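For reference, the chain that follows is the form deposited in one PDB entry, supplied as structure tokens.
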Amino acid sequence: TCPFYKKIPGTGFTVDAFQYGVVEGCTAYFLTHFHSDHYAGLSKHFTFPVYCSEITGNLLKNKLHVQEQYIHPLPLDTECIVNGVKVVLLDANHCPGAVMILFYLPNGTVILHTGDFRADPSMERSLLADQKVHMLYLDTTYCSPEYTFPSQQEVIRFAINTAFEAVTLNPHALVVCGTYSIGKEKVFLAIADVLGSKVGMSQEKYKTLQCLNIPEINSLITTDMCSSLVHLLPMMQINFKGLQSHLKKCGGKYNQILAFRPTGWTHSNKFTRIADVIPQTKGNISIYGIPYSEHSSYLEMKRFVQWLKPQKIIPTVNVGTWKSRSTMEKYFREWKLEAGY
């Protein structure tokens, strides 16, 4: 059944709750972003109002074929009334179109649901600065102090410099980047840009990218693989076997592959720096795992929450085990005692 952490009290609203069939008493289904564990269950046969960003609405229409009459896009940073309740959508700094949602309950309670987010000090100067938030529905993906990672900017710098050096030394080297969802487009776009290439990809992925309102996108991407020296492939194909295979397909246009696997966290984060990362190499193929995260580090999360000073925290991630639940509750209490709310 629909879990309690997907329900917004005092409304008939649910968040990211599309795989339980009809939810008893739900008059509006919000969708924070277009990632499959969150939209799971949506299709052309859905007949309830879906509230979301413009970009998430483009994906629902073009990729899922949800009918236009059930899609209700809202602008960001704008007070809107939905079924008699004031709401605001804020940028979540996750993937394209991802939002946080502020609900202003008739009784005076204010609730923030983060969806998936990477907390950033810039959020401290959005519309959140303007009033008190009583309850926080929090993305707790990396809520443990072992989870450190570099800035997105540091990681892109590394990838750009790595690719540029490699292709400048060998003009017959191919760059490949893995993907399995929207998110992390900066990785392959930044690399393509330094190399004066467009990025080449399948027709399904090009379609997905054309929904995201990226400026000048027609200048940056293409379905013509042969004309491009940065290819995107399914993350599943980013290994020696799938890469050797792929190399054959280009017909001796390239003799070397340099590939990037943008992971979340991996245990080498607890020892190694970004300047000190190394690839796995078999022959003329090298694979780099780069820690490009679209979720809060532990420190970023802790700073956001100690700034917000919520009265109650409801986790939305890692809630399935008693051990995780108890560990998270311990950090929340530490934060509160250190900060004095």
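Between two forms, the rigid core is defined as the largest C-alpha subset superposing within 1.5 Å. Start at 1 with the first residue shown and count on from there.
> Quick one: with the core lined up, is it 214-222 or 79-87 that wanders further in 9 other deposited structures of this protein, going by C-alpha RMS?
Clearly, after the core fit, the stretch farther away in 9 other deposited structures of this protein is 214-222.
> Using only C-alpha atoms and the B-factors in the entry, which stretch averages higher, 57-65 or 289-297?
Mean B over CA atoms: larger for 57-65.
> Return whichever of 89-97 and 167-175 has the greater mean Cα B factor according to the PDB record.
Higher mean C-alpha B-factor: 167-175.
> Per the PDB entry, which option out of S268, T140, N161, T114 has the greatest Cα B factor?
That would be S268, according to the entry.
> Whose C-alpha has the highest temperature factor in the PDB entry: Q203, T78, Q153, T148?
Each of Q203, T78, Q153, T148 was compared by C-alpha B-factor; the highest is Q203.
> Sorting by Cα B-factor within the chain, modelled residues only, which third would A129 end up in: lowest, middle or highest?
Highest third - that is where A129 ends up once the chain's C-alpha B-factors are sorted.
> Is the Cα B-factor recorded for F260 in the lowest, middle or highest third of its chain?
Its C-alpha B-factor belongs to the middle third of this chain's values.
> Looking at the entry's B-factor column for C-alpha atoms only, identify whether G183 ranks in the lowest, middle or highest third of its chain.
CA B-factor rank for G183: lowest third.
> According to the PDB entry, is the CA B factor of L102 in the bottom, middle or top third of its chain, that is, lowest, middle or highest?
Lowest third of the chain for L102's C-alpha B-factor.
> Split the chain's modelled residues into thirds by Cα B-factor; is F13 in the lowest, middle or highest one?
For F13, whose C-alpha B-factor we compare with every modelled residue in the chain, the answer is the middle third.
One more form of this protein, solved in complex with a small molecule, exists but is not displayed; see below.
> With the partner left out here, check for me: in the deposited complex, does some heavy atom of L60 sit within 4.5 Å of the small molecule?
Flag for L60 set to no.
> Counting only non-hydrogen atoms and a 4.5 angstroms cut-off, does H65 reach the small molecule in the deposited complex?
No.
> Considering non-hydrogen atoms and a 4.5 Å limit, does the small molecule approach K312 in the deposited complex?
Yes, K312 is a contact residue.
> Given that the partner is absent here, does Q306 sit within 4.5 Å of the small molecule in the deposited complex, heavy atoms only?
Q306: contacts the small molecule in the deposited complex.
> Can we say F332, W335 and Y341 each have a non-hydrogen atom within 4.5 Å of the small molecule in the deposited complex?
Every listed residue reaches the small molecule in the deposited complex, so yes.
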